[PDB]
Amino acid sequence: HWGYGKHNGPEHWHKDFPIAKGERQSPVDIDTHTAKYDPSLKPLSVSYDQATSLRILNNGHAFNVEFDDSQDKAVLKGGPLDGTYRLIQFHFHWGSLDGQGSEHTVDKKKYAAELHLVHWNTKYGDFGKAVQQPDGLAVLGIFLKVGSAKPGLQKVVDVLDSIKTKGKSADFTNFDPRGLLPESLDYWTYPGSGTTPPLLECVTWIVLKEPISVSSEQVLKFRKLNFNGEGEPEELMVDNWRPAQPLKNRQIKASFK
Ligand SMILES: O=c1cccccc1O
Ligand SMILES: [Zn+2]
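As structure tokens, this is what we get:
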């Protein structure tokens with residue numbers, strides 16, 4: 001089955017998921033000079049005050065912090081979006097070394113990691129119906145650089161010992177994802193896809209310009225997780241990023257001058 005190794009990595013995905021070579025795949029390189037300011041974009045509205053986290057799960061490719069999405073509680077709207085998108089989960093992608101790990105790149109620069117806050121369009125009733133639609137998802141992408149610690153990340157780092165291997169979960173209530181956001185909500189946006197199989201082309205990407213800083217100790221702890229299940233040979237969960245894909249017939253728009 002798919003993964004991030006030599007034999008089952010991103011270059012192989014297209015055999016089981018032909019949409020891998022589709023017209024609006026993600027991630028992409030953001031060429032900052034070629035991304036045009038769009039003064040018709042709105043400010044992003046991130047309303048996470050009532051977000052209810054439930055659980056954290058190692059799914060064998062990342063860890064997901066899952067939210068209760070059965071009511072309108074943690075929503076994204078505005079910016080490029082029409083309508084209301086509900087947060088369902090966040091996760092990260094990261095590297096084996098600080099010099100790589102992000103999925104999106106900025107003028108070919110790779111950040112140490114990238115956070116994805118996944119939201120589904122509430123006009124489609126739930127996540128599963130939303131991923132049958134070209135405007136089903138909105139993903140807020142936030143870059144991580146290594147420097148100062150992010151205090152709001154620490155509750156996540158500290159629970160990872162308890163979900164080391166694939167299939168493990170832990171209760172993870174009362175986690176406030178506002179503590180993962182940078183100061184500025186300036187963003188780039190484009191139409192694209194999920195970045196893991198099944199790579200569905202549902203996503204309005206909203207990629208914040210400002211990274212967050214995390215400490216070397218915080219990212220080191222991500223790197224102790226395992227792709228494998230308990231009792232299987234240990235394979236460190238590192239380099240769980242898909243490289244930049246061809247832009248094709250798309251324009252990346254900037255919310256800022
Ligand atoms: O960020 C993601 C969002 C939606 C679907 C699939 C995979 C991802 O990494
Ligand atoms: Zn992701």
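Quick note: the sequence shown uses our numbering, first residue 1, plus one each step. Note that the Cβ used here is the ideal one computed from N, Cα and C, for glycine as well.
Closest in alpha carbon position to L57, among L180, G167, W241, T84, is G167. The three-state reading of DSSP puts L144 in strand, counting E and B together. Rounded to whole angstroms, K21 and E66 show a C-alpha spacing of 29 Å. For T122 and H116, the gap between their C-alpha atoms comes out near 19 Å.
Between the segment 153–171 and the segment 101–108, the count of C-beta pairs closer than 8 Å stays below three; the two stretches do not touch.
In summary, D29 is buried, with 16 or more beta-carbon neighbours lying within 10 Å of its beta-carbon over all protein chains present.
For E217, the enclosing alpha helix (DSSP H) covers residues 216–222. Annotated as distal: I142 and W188, with beta-carbon spacing of 8 Å or more. Proximity to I206 across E230, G5, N8, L41 peaks at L41, based on C-alpha coordinates. If you draw a 10 Å sphere on the C-beta of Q50, you find fewer than 16 other C-beta atoms in it, and that means exposed.
In the structure shown, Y85 adopts extended strand secondary structure according to DSSP, grouped into three states. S53 sits in a strand when the DSSP states are folded into three classes. Only residues of its own chain outside the window of five on either side were considered, and among them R24, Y190, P191 have a CB closer than 7 Å to the CB of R250, listed in chain order.
In the structure shown, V131 falls within a coil segment according to DSSP collapsed to helix, strand and coil. Shown here, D16 sits in coil according to DSSP, grouped into three states, outside any helix or strand. Not one heavy atom of ligand 1 lies closer than 7 Å to the C-beta of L180.
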